[PDB]
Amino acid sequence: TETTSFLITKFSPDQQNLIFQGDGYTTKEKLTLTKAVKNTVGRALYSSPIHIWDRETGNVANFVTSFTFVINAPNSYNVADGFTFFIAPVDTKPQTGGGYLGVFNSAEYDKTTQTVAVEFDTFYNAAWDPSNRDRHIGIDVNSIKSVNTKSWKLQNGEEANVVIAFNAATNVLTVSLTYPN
């Protein structure tokens, strides 16, 4: 058995157990991925690698993560591009920005990407996003084109409480987003 756990209920200016990439940085209380500026990318990773599955036994880890995020758009109607929770190789680095969310490079399936992400997409990219044009939660596997989505109404500047759990027994990944109001 190998377990890795952590809890950060409030970020600090000197958050040393985190790796920052792009414009990501911490402040007292919050972790900022991007400011309200055009064409940027910000990422933050937990410092320690995590043993997710083992080739020897073929076992896969059960895991659960919870976080609270806030999207603050200065133009409440024109919002882009979104936020994601991802699981990538240990040497992961920012990928294509904009609609690619800094985690992918195309809408086709790329096994070399080796990334699973759960997106909170705020902008409709015609090339791959749902036709209903709704903002949405999506499960991404090696591609920006989600394998499954759920329309979601963004509450500008409101704290979203999220829980993502993975059941090793059933290979079911569950995402859950809740708002106060």
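One rule holds for the numbers: they count along the sequence shown, beginning at 1.
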* Report the stretch with the higher mean CA temperature factor, choosing between 62-70 and 32-40 on the basis of the entry. => 32-40
* Asked: Mean C-alpha B factor from the entry: is it higher for 88-96 or for 75-83?
  -> 75-83
* Which listed residue, 26, 48, 146, 115, has the largest C-alpha temperature factor in the record? -> 26
* To do: Comparing against every modelled residue in the chain, figure out the third that the C-alpha B-factor of residue 160 lands in (lowest, middle or highest).
  => middle
* **Record-listed C-alpha B factor of residue 54: chain third** => highest
* Would you please rank residue 11 by its C-alpha temperature factor against the other modelled residues of its chain and give the third it falls in: lowest, middle or highest? => highest
* **Relative C-alpha B-factor of residue 174, binned into the chain's lowest, middle or highest third** => middle
* Comparing against every modelled residue in the chain, figure out the third that the C-alpha B-factor of residue 137 lands in (lowest, middle or highest). => middle
